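**Student:** Experimental structure and sequence below.
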Amino acid sequence: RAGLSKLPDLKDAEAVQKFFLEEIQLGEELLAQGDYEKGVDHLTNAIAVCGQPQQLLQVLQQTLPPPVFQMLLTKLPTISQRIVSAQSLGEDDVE
Amino acid sequence: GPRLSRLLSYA
């Protein structure tokens, strides 16, 4: 038939599905070790080949409660965290 | 288990 590898040409949907899933799983498995940081990157890559992040996010939120996902969301923005860590010096009270 | 391919059976 033919060979098999990651990101062959992308014209084929089946190859993209195979790799996309290989990454979805590989990530969960690395996190099963504890490499959350790699899960964020690998998941970001899964989105890079899917192009429909939001669909996948709904699919990830319903298949299992994802704590890593929350860290993916914290890895993305940097400036935002700085505002919070100043505006109200991280956290403040109310009366 | 370390196999997120549960939902992915849908496609």
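**Tutor:** Arrived safely. Residues are numbered from 1 along each chain as shown, chains lettered A, B, ... in the order given.

**Student:** Any idea which residue is closest to the centre of the chain?
**Tutor:** Assuming you mean chain A. Per C-alpha atoms, centre = their mean, the C-alpha nearest to the average position across chain A is that of residue A:43, at 3.0 Å.

**Student:** oops, I was thinking of chain B
**Tutor:** Nearest to the geometric centre of chain B sits residue B:5, at 1.6 Å (C-alpha atoms, centre = their mean).

**Student:** ok, that residue touching residue A:26?
**Tutor:** No. The pair residue B:5 / residue A:26 is not scored as a contact, 10.9 Å apart, by C-beta atoms under 8 Å. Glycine gets a C-beta too; all of them are placed from N, C-alpha and C.

**Student:** who's in contact with the residue lying closest to residue A:63 once chain neighbours are set aside?
**Tutor:** Once flanking residues are discounted, residue A:63 sits nearest to residue B:7: 4.5 Å by C-beta to C-beta, 6 or more residues apart in numbering or on different chains. Shown in contact with residue B:7 (C-beta atoms under 8 Å, 6 or more residues apart in numbering or on different chains): A:59, A:62-63.

**Student:** Kindly indicate which of those lies nearest residue A:78.
**Tutor:** Of all the contacts of residue B:7, residue A:78 sits closest to residue A:59, with 26.8 Å by C-beta to C-beta.

**Student:** what about that closest one, neighbour count?
**Tutor:** By other C-beta atoms under 10 Å in any protein chain shown, the residues close to residue A:59 number 17.

**Student:** what does residue A:39 give?
**Tutor:** Residues near residue A:39, counting by other C-beta under 10 Å, number 26.

**Student:** can you list the residues of chain A near chain B?
**Tutor:** Contacts of chain A with chain B, taken as C-beta under 8 Å from any C-beta of the partner chain, map to A:17, A:21, A:24-25, A:27-29, A:31-32, A:59-60, A:62-64.
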